[PDB]
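Source file: upload-v9.txt (compact mmCIF, N, CA and C atoms and all ligand atoms)
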```
# COMPACT_ATOMS: atom_id res chain seq x y z
N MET A 1 22.49 -35.86 43.85
CA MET A 1 21.97 -35.99 45.20
C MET A 1 21.45 -34.65 45.72
N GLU A 2 20.21 -34.66 46.19
CA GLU A 2 19.59 -33.48 46.78
C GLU A 2 20.02 -33.32 48.24
N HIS A 3 20.87 -32.34 48.51
CA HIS A 3 21.39 -32.17 49.86
C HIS A 3 20.33 -31.67 50.83
N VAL A 4 19.65 -32.61 51.45
CA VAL A 4 18.68 -32.35 52.51
C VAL A 4 18.87 -33.41 53.59
N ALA A 5 19.08 -33.03 54.85
CA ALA A 5 19.30 -34.08 55.85
C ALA A 5 17.99 -34.63 56.41
N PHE A 6 18.05 -35.90 56.77
CA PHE A 6 16.98 -36.59 57.48
C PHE A 6 16.75 -35.92 58.83
N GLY A 7 15.50 -35.62 59.18
CA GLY A 7 15.17 -34.98 60.44
C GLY A 7 15.36 -33.49 60.54
N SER A 8 15.64 -32.81 59.43
CA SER A 8 15.79 -31.36 59.39
C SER A 8 14.53 -30.66 59.87
N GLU A 9 14.64 -29.67 60.75
CA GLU A 9 13.46 -29.01 61.29
C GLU A 9 12.65 -28.27 60.25
N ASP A 10 13.27 -27.86 59.14
CA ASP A 10 12.53 -27.14 58.11
C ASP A 10 12.40 -27.97 56.84
N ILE A 11 12.40 -29.29 56.99
CA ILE A 11 12.33 -30.19 55.84
C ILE A 11 11.11 -29.94 54.97
N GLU A 12 9.98 -29.60 55.58
CA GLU A 12 8.75 -29.42 54.79
C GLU A 12 8.84 -28.17 53.91
N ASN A 13 9.60 -27.17 54.33
CA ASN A 13 9.78 -25.97 53.50
C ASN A 13 10.71 -26.29 52.33
N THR A 14 11.80 -26.99 52.62
CA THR A 14 12.76 -27.42 51.61
C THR A 14 12.11 -28.32 50.56
N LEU A 15 11.33 -29.30 51.01
CA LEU A 15 10.75 -30.28 50.10
C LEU A 15 9.59 -29.71 49.28
N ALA A 16 9.04 -28.58 49.71
CA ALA A 16 7.96 -27.96 48.96
C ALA A 16 8.34 -27.65 47.52
N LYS A 17 9.63 -27.51 47.21
CA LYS A 17 10.01 -27.08 45.87
C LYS A 17 10.52 -28.23 45.01
N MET A 18 10.39 -29.45 45.50
CA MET A 18 10.86 -30.63 44.78
C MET A 18 9.77 -31.28 43.94
N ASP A 19 10.12 -31.60 42.70
CA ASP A 19 9.25 -32.38 41.82
C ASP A 19 9.52 -33.85 42.11
N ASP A 20 8.79 -34.79 41.51
CA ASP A 20 9.09 -36.19 41.83
C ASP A 20 10.52 -36.52 41.41
N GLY A 21 11.00 -35.82 40.39
CA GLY A 21 12.34 -36.00 39.85
C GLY A 21 13.40 -35.64 40.87
N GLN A 22 13.27 -34.46 41.47
CA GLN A 22 14.18 -33.98 42.49
C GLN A 22 14.10 -34.86 43.73
N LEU A 23 12.88 -35.25 44.09
CA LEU A 23 12.65 -36.11 45.25
C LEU A 23 13.41 -37.42 45.16
N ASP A 24 13.76 -37.87 43.95
CA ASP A 24 14.46 -39.15 43.86
C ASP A 24 15.93 -39.00 44.24
N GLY A 25 16.38 -37.76 44.40
CA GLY A 25 17.75 -37.45 44.74
C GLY A 25 18.03 -37.47 46.23
N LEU A 26 17.00 -37.69 47.05
CA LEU A 26 17.22 -37.67 48.49
C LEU A 26 17.92 -38.94 48.97
N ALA A 27 18.70 -38.77 50.02
CA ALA A 27 19.45 -39.85 50.65
C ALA A 27 18.57 -40.74 51.53
N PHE A 28 17.27 -40.48 51.57
CA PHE A 28 16.32 -41.19 52.41
C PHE A 28 14.98 -41.40 51.71
N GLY A 29 14.22 -42.38 52.21
CA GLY A 29 12.89 -42.62 51.71
C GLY A 29 11.97 -41.45 51.96
N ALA A 30 11.10 -41.17 50.99
CA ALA A 30 10.11 -40.12 51.13
C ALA A 30 8.80 -40.54 50.47
N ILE A 31 7.72 -40.50 51.24
CA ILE A 31 6.39 -40.81 50.73
C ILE A 31 5.44 -39.65 51.04
N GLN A 32 4.65 -39.21 50.07
CA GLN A 32 3.65 -38.18 50.35
C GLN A 32 2.25 -38.79 50.37
N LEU A 33 1.61 -38.65 51.53
CA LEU A 33 0.27 -39.15 51.73
C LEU A 33 -0.74 -38.00 51.81
N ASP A 34 -1.95 -38.27 51.33
CA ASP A 34 -3.06 -37.34 51.49
C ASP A 34 -3.74 -37.59 52.84
N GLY A 35 -4.83 -36.89 53.11
CA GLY A 35 -5.52 -37.01 54.38
C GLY A 35 -6.18 -38.36 54.58
N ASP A 36 -6.32 -39.13 53.51
CA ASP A 36 -7.00 -40.42 53.56
C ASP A 36 -6.02 -41.59 53.51
N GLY A 37 -4.73 -41.28 53.45
CA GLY A 37 -3.70 -42.31 53.39
C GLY A 37 -3.32 -42.75 52.00
N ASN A 38 -3.84 -42.09 50.96
CA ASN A 38 -3.45 -42.44 49.60
C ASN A 38 -2.10 -41.84 49.22
N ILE A 39 -1.33 -42.58 48.42
CA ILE A 39 0.02 -42.17 48.10
C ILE A 39 0.02 -41.16 46.95
N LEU A 40 0.57 -39.98 47.22
CA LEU A 40 0.71 -38.97 46.18
C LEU A 40 2.15 -38.91 45.64
N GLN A 41 3.11 -39.31 46.46
CA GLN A 41 4.51 -39.41 46.08
C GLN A 41 5.16 -40.57 46.84
N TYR A 42 6.15 -41.17 46.21
CA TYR A 42 6.84 -42.35 46.73
C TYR A 42 8.14 -42.46 45.94
N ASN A 43 9.25 -42.09 46.59
CA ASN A 43 10.51 -41.95 45.85
C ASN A 43 11.30 -43.25 45.78
N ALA A 44 12.27 -43.20 44.88
CA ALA A 44 13.13 -44.32 44.54
C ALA A 44 13.79 -44.88 45.79
N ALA A 45 14.25 -44.01 46.69
CA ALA A 45 14.96 -44.42 47.89
C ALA A 45 14.10 -45.37 48.72
N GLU A 46 12.87 -44.99 49.05
CA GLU A 46 12.02 -45.91 49.81
C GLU A 46 11.89 -47.26 49.09
N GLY A 47 11.63 -47.26 47.80
CA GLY A 47 11.56 -48.42 46.93
C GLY A 47 12.77 -49.32 47.07
N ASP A 48 13.94 -48.70 47.25
CA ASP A 48 15.13 -49.53 47.48
C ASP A 48 14.93 -50.28 48.78
N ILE A 49 14.25 -49.64 49.74
CA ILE A 49 14.14 -50.31 51.04
C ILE A 49 13.03 -51.36 51.07
N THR A 50 11.91 -51.09 50.43
CA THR A 50 10.73 -51.94 50.50
C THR A 50 10.60 -52.88 49.31
N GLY A 51 11.30 -52.55 48.24
CA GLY A 51 11.17 -53.26 46.98
C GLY A 51 10.04 -52.78 46.11
N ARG A 52 9.21 -51.84 46.57
CA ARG A 52 8.04 -51.43 45.79
C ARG A 52 8.42 -50.60 44.59
N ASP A 53 7.71 -50.76 43.48
CA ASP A 53 7.95 -49.91 42.31
C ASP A 53 7.18 -48.60 42.50
N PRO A 54 7.91 -47.51 42.68
CA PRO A 54 7.31 -46.23 43.08
C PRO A 54 6.10 -45.83 42.25
N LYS A 55 6.27 -45.82 40.94
CA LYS A 55 5.25 -45.40 39.99
C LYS A 55 4.09 -46.39 39.91
N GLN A 56 4.21 -47.50 40.63
CA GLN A 56 3.15 -48.49 40.68
C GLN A 56 2.26 -48.31 41.91
N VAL A 57 2.82 -47.85 43.02
CA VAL A 57 2.03 -47.70 44.24
C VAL A 57 1.32 -46.35 44.31
N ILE A 58 1.73 -45.40 43.49
CA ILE A 58 1.07 -44.09 43.53
C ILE A 58 -0.42 -44.21 43.26
N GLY A 59 -1.19 -43.56 44.13
CA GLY A 59 -2.64 -43.59 44.02
C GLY A 59 -3.30 -44.68 44.82
N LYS A 60 -2.49 -45.55 45.41
CA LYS A 60 -2.99 -46.65 46.23
C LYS A 60 -3.00 -46.26 47.70
N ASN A 61 -3.91 -46.88 48.46
CA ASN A 61 -3.96 -46.63 49.89
C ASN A 61 -2.80 -47.35 50.59
N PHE A 62 -2.00 -46.56 51.28
CA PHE A 62 -0.81 -47.01 52.00
C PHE A 62 -1.10 -47.96 53.16
N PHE A 63 -1.95 -47.51 54.06
CA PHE A 63 -2.28 -48.24 55.28
C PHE A 63 -3.13 -49.47 54.96
N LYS A 64 -3.86 -49.38 53.86
CA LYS A 64 -4.76 -50.47 53.49
C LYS A 64 -4.07 -51.51 52.61
N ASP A 65 -3.39 -51.06 51.56
CA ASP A 65 -2.83 -51.97 50.57
C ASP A 65 -1.31 -52.01 50.48
N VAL A 66 -0.64 -50.86 50.43
CA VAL A 66 0.81 -50.85 50.23
C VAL A 66 1.49 -51.48 51.44
N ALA A 67 1.26 -50.89 52.61
CA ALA A 67 2.00 -51.19 53.82
C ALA A 67 1.12 -51.50 55.02
N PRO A 68 0.40 -52.61 54.94
CA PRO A 68 -0.48 -53.08 56.00
C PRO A 68 0.22 -53.27 57.34
N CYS A 69 1.54 -53.40 57.28
CA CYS A 69 2.36 -53.56 58.48
C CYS A 69 2.45 -52.27 59.27
N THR A 70 2.10 -51.14 58.67
CA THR A 70 1.95 -49.86 59.35
C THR A 70 0.53 -49.63 59.90
N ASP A 71 -0.36 -50.60 59.76
CA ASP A 71 -1.75 -50.50 60.19
C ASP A 71 -1.84 -51.03 61.63
N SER A 72 -1.52 -50.11 62.51
CA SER A 72 -1.36 -50.29 63.94
C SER A 72 -1.50 -48.96 64.66
N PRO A 73 -1.80 -48.99 65.95
CA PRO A 73 -1.83 -47.77 66.76
C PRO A 73 -0.47 -47.07 66.80
N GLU A 74 0.61 -47.83 66.70
CA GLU A 74 1.99 -47.38 66.77
C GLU A 74 2.42 -46.58 65.54
N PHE A 75 1.69 -46.74 64.45
CA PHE A 75 2.02 -46.04 63.20
C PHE A 75 0.77 -45.37 62.67
N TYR A 76 -0.20 -46.21 62.26
CA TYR A 76 -1.43 -45.66 61.71
C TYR A 76 -2.14 -44.77 62.73
N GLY A 77 -2.01 -45.12 64.01
CA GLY A 77 -2.64 -44.37 65.08
C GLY A 77 -2.18 -42.92 65.13
N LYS A 78 -0.88 -42.70 64.95
CA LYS A 78 -0.33 -41.36 65.05
C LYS A 78 -0.68 -40.50 63.84
N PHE A 79 -0.61 -41.12 62.67
CA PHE A 79 -0.95 -40.46 61.42
C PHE A 79 -2.37 -39.89 61.47
N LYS A 80 -3.33 -40.74 61.80
CA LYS A 80 -4.73 -40.31 61.78
C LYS A 80 -4.97 -39.24 62.84
N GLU A 81 -4.30 -39.38 63.98
CA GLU A 81 -4.42 -38.40 65.04
C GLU A 81 -3.86 -37.05 64.61
N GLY A 82 -2.72 -37.11 63.93
CA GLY A 82 -2.07 -35.93 63.38
C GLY A 82 -2.97 -35.25 62.36
N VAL A 83 -3.54 -36.06 61.47
CA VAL A 83 -4.45 -35.59 60.43
C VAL A 83 -5.66 -34.90 61.04
N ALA A 84 -6.24 -35.55 62.05
CA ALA A 84 -7.39 -34.99 62.75
C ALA A 84 -7.07 -33.64 63.37
N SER A 85 -5.99 -33.60 64.14
CA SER A 85 -5.54 -32.43 64.88
C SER A 85 -5.03 -31.33 63.96
N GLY A 86 -4.68 -31.67 62.73
CA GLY A 86 -4.19 -30.68 61.79
C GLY A 86 -2.70 -30.40 61.94
N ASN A 87 -2.00 -31.25 62.69
CA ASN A 87 -0.56 -31.14 62.86
C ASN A 87 0.05 -32.49 63.23
N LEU A 88 1.32 -32.68 62.86
CA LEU A 88 2.03 -33.92 63.18
C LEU A 88 3.54 -33.76 63.00
N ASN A 89 4.30 -34.20 63.99
CA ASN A 89 5.76 -34.19 63.98
C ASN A 89 6.29 -35.24 64.98
N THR A 90 6.53 -36.44 64.47
CA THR A 90 6.95 -37.56 65.29
C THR A 90 7.96 -38.46 64.58
N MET A 91 8.88 -38.95 65.39
CA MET A 91 10.02 -39.78 65.04
C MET A 91 10.05 -41.04 65.89
N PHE A 92 10.26 -42.19 65.25
CA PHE A 92 10.28 -43.46 65.95
C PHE A 92 10.80 -44.57 65.05
N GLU A 93 11.42 -45.54 65.72
CA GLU A 93 11.85 -46.72 65.00
C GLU A 93 10.66 -47.62 64.64
N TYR A 94 10.93 -48.47 63.67
CA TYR A 94 9.93 -49.43 63.18
C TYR A 94 10.59 -50.49 62.32
N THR A 95 9.81 -51.51 61.99
CA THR A 95 10.25 -52.65 61.19
C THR A 95 9.22 -52.94 60.10
N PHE A 96 9.63 -52.85 58.85
CA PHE A 96 8.75 -53.20 57.73
C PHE A 96 8.94 -54.69 57.44
N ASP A 97 7.88 -55.48 57.39
CA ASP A 97 8.04 -56.93 57.25
C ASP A 97 7.04 -57.57 56.31
N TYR A 98 6.28 -56.78 55.55
CA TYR A 98 5.26 -57.35 54.68
C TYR A 98 5.82 -57.67 53.30
N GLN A 99 5.87 -58.94 52.93
CA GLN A 99 6.38 -59.36 51.64
C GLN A 99 7.84 -58.96 51.44
N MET A 100 8.61 -58.88 52.51
CA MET A 100 10.01 -58.48 52.44
C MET A 100 10.81 -58.98 53.64
N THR A 101 12.14 -58.94 53.56
CA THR A 101 12.95 -59.27 54.74
C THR A 101 12.70 -58.24 55.83
N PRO A 102 12.46 -58.66 57.07
CA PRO A 102 12.31 -57.65 58.13
C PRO A 102 13.51 -56.70 58.18
N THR A 103 13.20 -55.45 57.91
CA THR A 103 14.17 -54.36 57.85
C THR A 103 13.86 -53.31 58.90
N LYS A 104 14.67 -53.27 59.95
CA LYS A 104 14.57 -52.24 60.98
C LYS A 104 14.92 -50.88 60.36
N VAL A 105 13.98 -49.96 60.49
CA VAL A 105 14.09 -48.63 59.91
C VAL A 105 13.68 -47.57 60.93
N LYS A 106 14.02 -46.33 60.62
CA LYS A 106 13.58 -45.16 61.35
C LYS A 106 12.53 -44.42 60.53
N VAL A 107 11.40 -44.08 61.13
CA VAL A 107 10.36 -43.34 60.42
C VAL A 107 10.10 -41.97 61.04
N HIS A 108 10.07 -40.96 60.17
CA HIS A 108 9.75 -39.59 60.52
C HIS A 108 8.48 -39.14 59.79
N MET A 109 7.50 -38.71 60.57
CA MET A 109 6.24 -38.24 59.99
C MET A 109 5.97 -36.79 60.39
N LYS A 110 5.58 -35.97 59.43
CA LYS A 110 5.34 -34.56 59.67
C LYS A 110 4.42 -33.99 58.59
N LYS A 111 3.45 -33.19 59.01
CA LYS A 111 2.57 -32.48 58.10
C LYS A 111 3.35 -31.68 57.07
N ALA A 112 2.85 -31.61 55.83
CA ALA A 112 3.57 -30.80 54.85
C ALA A 112 3.16 -29.34 54.99
N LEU A 113 3.89 -28.46 54.30
CA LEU A 113 3.49 -27.05 54.29
C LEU A 113 2.09 -26.94 53.68
N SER A 114 1.79 -27.86 52.77
CA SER A 114 0.47 -27.93 52.14
C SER A 114 -0.61 -28.25 53.18
N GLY A 115 -1.86 -28.02 52.80
CA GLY A 115 -3.01 -28.22 53.65
C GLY A 115 -3.23 -29.65 54.11
N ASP A 116 -3.63 -30.53 53.19
CA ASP A 116 -3.95 -31.90 53.58
C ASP A 116 -2.94 -32.91 53.04
N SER A 117 -1.66 -32.55 53.07
CA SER A 117 -0.64 -33.50 52.64
C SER A 117 0.31 -33.77 53.80
N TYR A 118 0.85 -34.98 53.82
CA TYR A 118 1.63 -35.50 54.93
C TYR A 118 2.81 -36.31 54.40
N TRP A 119 3.96 -36.09 55.04
CA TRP A 119 5.18 -36.78 54.67
C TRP A 119 5.46 -37.98 55.56
N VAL A 120 6.05 -38.99 54.94
CA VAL A 120 6.64 -40.13 55.63
C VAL A 120 8.07 -40.31 55.13
N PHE A 121 9.00 -40.01 56.02
CA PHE A 121 10.43 -40.15 55.75
C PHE A 121 10.94 -41.44 56.38
N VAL A 122 11.78 -42.16 55.64
CA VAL A 122 12.24 -43.48 56.05
C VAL A 122 13.73 -43.65 55.85
N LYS A 123 14.43 -44.14 56.88
CA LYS A 123 15.86 -44.43 56.70
C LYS A 123 16.22 -45.74 57.39
N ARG A 124 17.23 -46.45 56.87
CA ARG A 124 17.72 -47.66 57.51
C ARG A 124 18.42 -47.38 58.84
N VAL A 125 18.16 -48.22 59.84
CA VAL A 125 18.87 -48.07 61.11
C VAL A 125 19.71 -49.30 61.44
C1 LIG B 201 5.49 -52.47 56.45
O1 LIG B 201 5.47 -51.20 56.32
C2 LIG B 201 5.78 -53.20 55.29
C3 LIG B 201 6.10 -52.81 54.05
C4 LIG B 201 6.20 -51.61 53.40
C5 LIG B 201 5.63 -51.42 52.14
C6 LIG B 201 5.74 -50.18 51.50
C7 LIG B 201 6.41 -49.13 52.12
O2 LIG B 201 6.58 -47.93 51.54
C8 LIG B 201 6.96 -49.32 53.38
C9 LIG B 201 6.86 -50.54 54.00
```
Re-express the file's structure as C-alpha cells.
Amino acid sequence: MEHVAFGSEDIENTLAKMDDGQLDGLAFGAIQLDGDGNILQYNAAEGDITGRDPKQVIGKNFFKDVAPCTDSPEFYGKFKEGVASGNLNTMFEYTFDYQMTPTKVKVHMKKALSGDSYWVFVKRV
C-alpha cells in the first residue's frame, strides 16, 4: 500500500514519482486525464469501484466514452474550465451510475505538476 492520503494538499508532488505499478497501491481511485479528457492512467482502485478494466480504458475519452455520467456542468464543466484556466482544485460528492449500481462517491480533481495532465481522485462515501 502506497501511503498517500486522499485530499492531501501536496498530492500532485507525491504522485509525480509513481509509475502505474505504484499507483495501484493507493487506497483510493486515481485517473490521469490529458487536456482533451483522454485517459492516461486509471488505477486498480477506481476499477474496483466502477468495474472497468484499467488497462482497457486507457487511451479512451473519459467524458465521451468511459464515464458519460460525468458529462455534465457539475463535473465536465469544472474540468474544462480548470483546463482552460490552467489550474484546478475542487472537491465534491457525486454518483457514478452508468452500467453499474449507483455508487455515491467523493471526487477530487486537481491539475498535475505536469503541464497538460489532470488528476481525478475517487473514494467511496
Ligand atoms: C459515471 O461516472 C459512471 C461511471 C464511471 C465509469 C468509469 C469511471 O472511472 C468512473 C465512473
task: May I ask for the distance between atom N of residue 88 of chain A and atom N of residue 1 of chain A, given in Å to one decimal place?
output: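 The value is 28.6 Å.
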field: Within 8 Å of ligand LIG 201 (chain B) (all atoms listed in the file), residues as a ChimeraX atom specification
entry: /A:30-31,42,46-47,49-52,62,65-71,94-100
message: I want to know what sits within 6 Å of residue 39 of chain A, based on all atoms listed in the file, with residues of the same chain fewer than 3 positions away left out; could you give that as a ChimeraX atom specification?
response: /A:32-34,57-62
Restricting the output to N, CA and C atoms, write the selected residues as a PDB file, in the frame of the given file.
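As written to disk, result_18.pdb reads:
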```pdb
ATOM      1  N   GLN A  32       4.650 -39.210  50.070  1.00  0.00           N
ATOM      2  CA  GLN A  32       3.650 -38.180  50.350  1.00  0.00           C
ATOM      3  C   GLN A  32       2.250 -38.790  50.370  1.00  0.00           C
ATOM      4  N   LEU A  33       1.610 -38.650  51.530  1.00  0.00           N
ATOM      5  CA  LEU A  33       0.270 -39.150  51.730  1.00  0.00           C
ATOM      6  C   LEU A  33      -0.740 -38.000  51.810  1.00  0.00           C
ATOM      7  N   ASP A  34      -1.950 -38.270  51.330  1.00  0.00           N
ATOM      8  CA  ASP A  34      -3.060 -37.340  51.490  1.00  0.00           C
ATOM      9  C   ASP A  34      -3.740 -37.590  52.840  1.00  0.00           C
ATOM     10  N   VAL A  57       2.820 -47.850  43.020  1.00  0.00           N
ATOM     11  CA  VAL A  57       2.030 -47.700  44.240  1.00  0.00           C
ATOM     12  C   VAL A  57       1.320 -46.350  44.310  1.00  0.00           C
ATOM     13  N   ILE A  58       1.730 -45.400  43.490  1.00  0.00           N
ATOM     14  CA  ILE A  58       1.070 -44.090  43.530  1.00  0.00           C
ATOM     15  C   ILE A  58      -0.420 -44.210  43.260  1.00  0.00           C
ATOM     16  N   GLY A  59      -1.190 -43.560  44.130  1.00  0.00           N
ATOM     17  CA  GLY A  59      -2.640 -43.590  44.020  1.00  0.00           C
ATOM     18  C   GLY A  59      -3.300 -44.680  44.820  1.00  0.00           C
ATOM     19  N   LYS A  60      -2.490 -45.550  45.410  1.00  0.00           N
ATOM     20  CA  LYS A  60      -2.990 -46.650  46.230  1.00  0.00           C
ATOM     21  C   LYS A  60      -3.000 -46.260  47.700  1.00  0.00           C
ATOM     22  N   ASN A  61      -3.910 -46.880  48.460  1.00  0.00           N
ATOM     23  CA  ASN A  61      -3.960 -46.630  49.890  1.00  0.00           C
ATOM     24  C   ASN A  61      -2.800 -47.350  50.590  1.00  0.00           C
ATOM     25  N   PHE A  62      -2.000 -46.560  51.280  1.00  0.00           N
ATOM     26  CA  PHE A  62      -0.810 -47.010  52.000  1.00  0.00           C
ATOM     27  C   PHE A  62      -1.100 -47.960  53.160  1.00  0.00           C
TER      28      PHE A  62
END
```
Residues of segment 10-125 of chain A in helix (DSSP H, G or I) according to DSSP, as a short mmCIF file (atom, residue, chain, number, x, y, z; two decimals) with N, CA and C atoms, in the coordinates of the input?
```
data_model
loop_
_atom_site.label_atom_id
_atom_site.label_comp_id
_atom_site.auth_asym_id
_atom_site.auth_seq_id
_atom_site.Cartn_x
_atom_site.Cartn_y
_atom_site.Cartn_z
N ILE A 11 12.40 -29.29 56.99
CA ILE A 11 12.33 -30.19 55.84
C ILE A 11 11.11 -29.94 54.97
N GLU A 12 9.98 -29.60 55.58
CA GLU A 12 8.75 -29.42 54.79
C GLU A 12 8.84 -28.17 53.91
N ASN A 13 9.60 -27.17 54.33
CA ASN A 13 9.78 -25.97 53.50
C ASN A 13 10.71 -26.29 52.33
N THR A 14 11.80 -26.99 52.62
CA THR A 14 12.76 -27.42 51.61
C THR A 14 12.11 -28.32 50.56
N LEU A 15 11.33 -29.30 51.01
CA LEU A 15 10.75 -30.28 50.10
C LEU A 15 9.59 -29.71 49.28
N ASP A 20 8.79 -34.79 41.51
CA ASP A 20 9.09 -36.19 41.83
C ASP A 20 10.52 -36.52 41.41
N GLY A 21 11.00 -35.82 40.39
CA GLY A 21 12.34 -36.00 39.85
C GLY A 21 13.40 -35.64 40.87
N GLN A 22 13.27 -34.46 41.47
CA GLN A 22 14.18 -33.98 42.49
C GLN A 22 14.10 -34.86 43.73
N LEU A 23 12.88 -35.25 44.09
CA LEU A 23 12.65 -36.11 45.25
C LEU A 23 13.41 -37.42 45.16
N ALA A 44 12.27 -43.20 44.88
CA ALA A 44 13.13 -44.32 44.54
C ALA A 44 13.79 -44.88 45.79
N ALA A 45 14.25 -44.01 46.69
CA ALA A 45 14.96 -44.42 47.89
C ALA A 45 14.10 -45.37 48.72
N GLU A 46 12.87 -44.99 49.05
CA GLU A 46 12.02 -45.91 49.81
C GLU A 46 11.89 -47.26 49.09
N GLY A 47 11.63 -47.26 47.80
CA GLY A 47 11.56 -48.42 46.93
C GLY A 47 12.77 -49.32 47.07
N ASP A 48 13.94 -48.70 47.25
CA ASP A 48 15.13 -49.53 47.48
C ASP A 48 14.93 -50.28 48.78
N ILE A 49 14.25 -49.64 49.74
CA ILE A 49 14.14 -50.31 51.04
C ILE A 49 13.03 -51.36 51.07
N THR A 50 11.91 -51.09 50.43
CA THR A 50 10.73 -51.94 50.50
C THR A 50 10.60 -52.88 49.31
N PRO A 54 7.91 -47.51 42.68
CA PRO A 54 7.31 -46.23 43.08
C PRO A 54 6.10 -45.83 42.25
N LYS A 55 6.27 -45.82 40.94
CA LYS A 55 5.25 -45.40 39.99
C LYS A 55 4.09 -46.39 39.91
N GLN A 56 4.21 -47.50 40.63
CA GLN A 56 3.15 -48.49 40.68
C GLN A 56 2.26 -48.31 41.91
N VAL A 57 2.82 -47.85 43.02
CA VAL A 57 2.03 -47.70 44.24
C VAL A 57 1.32 -46.35 44.31
N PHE A 62 -2.00 -46.56 51.28
CA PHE A 62 -0.81 -47.01 52.00
C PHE A 62 -1.10 -47.96 53.16
N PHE A 63 -1.95 -47.51 54.06
CA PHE A 63 -2.28 -48.24 55.28
C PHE A 63 -3.13 -49.47 54.96
N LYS A 64 -3.86 -49.38 53.86
CA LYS A 64 -4.76 -50.47 53.49
C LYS A 64 -4.07 -51.51 52.61
N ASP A 65 -3.39 -51.06 51.56
CA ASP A 65 -2.83 -51.97 50.57
C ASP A 65 -1.31 -52.01 50.48
N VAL A 66 -0.64 -50.86 50.43
CA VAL A 66 0.81 -50.85 50.23
C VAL A 66 1.49 -51.48 51.44
N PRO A 68 0.40 -52.61 54.94
CA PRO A 68 -0.48 -53.08 56.00
C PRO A 68 0.22 -53.27 57.34
N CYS A 69 1.54 -53.40 57.28
CA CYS A 69 2.36 -53.56 58.48
C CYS A 69 2.45 -52.27 59.27
N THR A 70 2.10 -51.14 58.67
CA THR A 70 1.95 -49.86 59.35
C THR A 70 0.53 -49.63 59.90
N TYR A 76 -0.20 -46.21 62.26
CA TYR A 76 -1.43 -45.66 61.71
C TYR A 76 -2.14 -44.77 62.73
N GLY A 77 -2.01 -45.12 64.01
CA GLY A 77 -2.64 -44.37 65.08
C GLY A 77 -2.18 -42.92 65.13
N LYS A 78 -0.88 -42.70 64.95
CA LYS A 78 -0.33 -41.36 65.05
C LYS A 78 -0.68 -40.50 63.84
N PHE A 79 -0.61 -41.12 62.67
CA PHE A 79 -0.95 -40.46 61.42
C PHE A 79 -2.37 -39.89 61.47
N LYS A 80 -3.33 -40.74 61.80
CA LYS A 80 -4.73 -40.31 61.78
C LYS A 80 -4.97 -39.24 62.84
N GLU A 81 -4.30 -39.38 63.98
CA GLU A 81 -4.42 -38.40 65.04
C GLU A 81 -3.86 -37.05 64.61
N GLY A 82 -2.72 -37.11 63.93
CA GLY A 82 -2.07 -35.93 63.38
C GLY A 82 -2.97 -35.25 62.36
N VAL A 83 -3.54 -36.06 61.47
CA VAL A 83 -4.45 -35.59 60.43
C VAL A 83 -5.66 -34.90 61.04
N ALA A 84 -6.24 -35.55 62.05
CA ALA A 84 -7.39 -34.99 62.75
C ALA A 84 -7.07 -33.64 63.37
N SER A 85 -5.99 -33.60 64.14
CA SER A 85 -5.54 -32.43 64.88
C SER A 85 -5.03 -31.33 63.96
#
```
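If only C-alpha atoms are the atoms counted, then among A:85, A:35, A:124, A:118 the closest residue to residue 102 of chain A is A:124.
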From A:84, A:120, A:107, A:40, residue lying nearest residue 19 of chain A [only C-alpha atoms]: A:40
- request: Write down as an MDAnalysis selection string the residues belonging to chain A that are assigned strand (DSSP E or B) by DSSP computed on the backbone.
  value: chainID A and resid 29:34 38:42 61 89:96 103:111 117:124
field: From A:43, A:92, A:54, A:123, residue lying nearest residue 109 of chain A [only N, CA and C atoms]
entry: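 Comparing A:43, A:92, A:54, A:123 against residue 109 of chain A, the winner is A:92.
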message: Measuring between only N, CA and C atoms, which one of A:64, A:2, A:93, A:115 shows the shortest distance to residue 22 of chain A?
response: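 Counting only N, CA and C atoms, the residue closest to residue 22 of chain A is A:2.
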Two-atom distance - atom N of residue 72 of chain A, atom CA of residue 44 of chain A (Å):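 Here the two named atoms are 23.9 Å from each other.
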query: What separation in Å, quoted to one decimal, exists between atom C of residue 63 of chain A and atom CA of residue 9 of chain A?
result: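 Here the two named atoms are 27.1 Å from each other.
Distances from A:77, A:86, A:21, A:29 to residue 108 of chain A were compared using only C-alpha atoms, and the smallest one belongs to A:29.
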Residue list as a PyMOL selection string for point (16.8, -36.4, 46.7), cut-off 8 Å, only C-alpha atoms: chain A and resi 1-4+22-28
query: Near residue 89 of chain A, counting only C-alpha atoms, which residues have an atom at most 12 Å away, once you skip same-chain residues fewer than 6 positions from it, shown as a list in words?
result: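 Those residues are residues 7, 8, 9, 10, 11, 12, 78, 79, 81, 82, 83, 107, 108, 109, 110, 111, 112, 118, 119, 120 and 121 of chain A.
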What are the centre and edge lengths in Å, to one decimal, of the axis-aligned box around all listed atoms of segment 12-25 of chain A with 5 Å added on each side, as AutoDock Vina command-line options?
```
--center_x 13.0 --center_y -32.6 --center_z 47.7 --size_x 20.1 --size_y 23.2 --size_z 25.7
```
field: Residue nearest residue 16 of chain A among A:45, A:125, A:105, A:113 (counting only C-alpha atoms)
entry: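 Result for the nearest residue to residue 16 of chain A: A:113.
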